[PDB]
Structure formats: structure tokens, C-alpha cells
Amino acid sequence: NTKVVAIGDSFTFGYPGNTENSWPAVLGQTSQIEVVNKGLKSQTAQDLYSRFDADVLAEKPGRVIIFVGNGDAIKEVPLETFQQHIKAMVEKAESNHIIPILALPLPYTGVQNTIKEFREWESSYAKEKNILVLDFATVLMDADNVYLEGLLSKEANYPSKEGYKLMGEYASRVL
């Protein structure tokens, strides 16, 4: 019902922090709802699709946030494969009467061109289908795709606990 499942990659697990400080936990604390974190490190959309039934369907949430693509770019999964898999998760969610919400993958220094491509396509696919989109970049970074003050973790490309806090706070306002 107001229950949510966040399925994603390292950026949903909350790397490099622990999953307990990740954005889905904050989402839940802020919106005073139940959010289940099904983010696993470095996963591709195909990886998520495969565990979609037990990780999402079986939870009987009313909403599912699908935040993926970073892992796909790291592992050179082509645009055609990423598309097909985003589509499949949306379709199964909808077949199950679960409202899907897409989270764009984030700018990431190793693969900016590939990420720009994934994000751009994902935005237009979400727009033609009236699916709600989460753009975590709007609270994490500046016009140059660089993390704002105190938001970058000790590893490049990944958010600090505060970064994850603002991501969770942004999602609570959007949802």
C-alpha cells in the first residue's frame, strides 16, 4: 500500500557506507512508511530483473523504485540490453498493480558518455509512459556533475552518509 521497495545497485545498497544509512532507509524514516532495501552492490538491470519476484512481487509493495544503470555502465552492458531490462521490470510491476518509479543512473567519472545515454533514454521512456522519475543528481551535484560540499564519500563517485541523507529526503518530497 504505502509500502515501498527500492531495488538497485551499489547506489541503493548505500556503498561505501552501510545499507542502514542508505537513501531508502532515510526515505522511510522521513515519510514514516515502510521501505525495503533490495539494493545489491554492482548489479546490472539483468541481475535485478532475475530476483524481481521474491525481492519485489512477494513484498506486496504499492510502489517500486528501480534505480539501476550505474552497474551496467561499469560492466559495459550495451544500451539495447539495459533498455529491455528496464522495460521488463516496469511491465511486471504494472501487471502486478505496483506503481513503478524510475531512478536515473548517476553521472559517474569512468563512463559519462554511456551514463548520459542511459539517463536520456530512461527519461524519455518515463515521460512517454507517465512514470515518476527520481533524479538524485539534483541534490547531490553541481552543473559539472561534481558532489556538493560534504556529500562525497571517501571514495570517488559515491555519496557520503549526508549525501545519502539528502537523497532520501529528496525522494520523500518527490513521493
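Residue positions are given as counts along the sequence shown, with the first one as 1.
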Check the entry's C-alpha temperature factors for 57 to 65 and 29 to 37, then say which stretch has the higher mean. 29 to 37
Stretch with the greater mean C-alpha B-factor as recorded in the entry, comparing 17 to 25 against 147 to 155: 147 to 155
Which of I86, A103, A93, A73 ranks first by CA B-factor in the deposited coordinates: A73
Please rank the C-alpha B-factors of the chain's modelled residues and tell me whether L140 sits in the lowest, middle or highest third. middle
Per the entry's values, where does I115 land by CA temperature factor relative to the rest of its chain, in the lowest, middle or highest third? middle
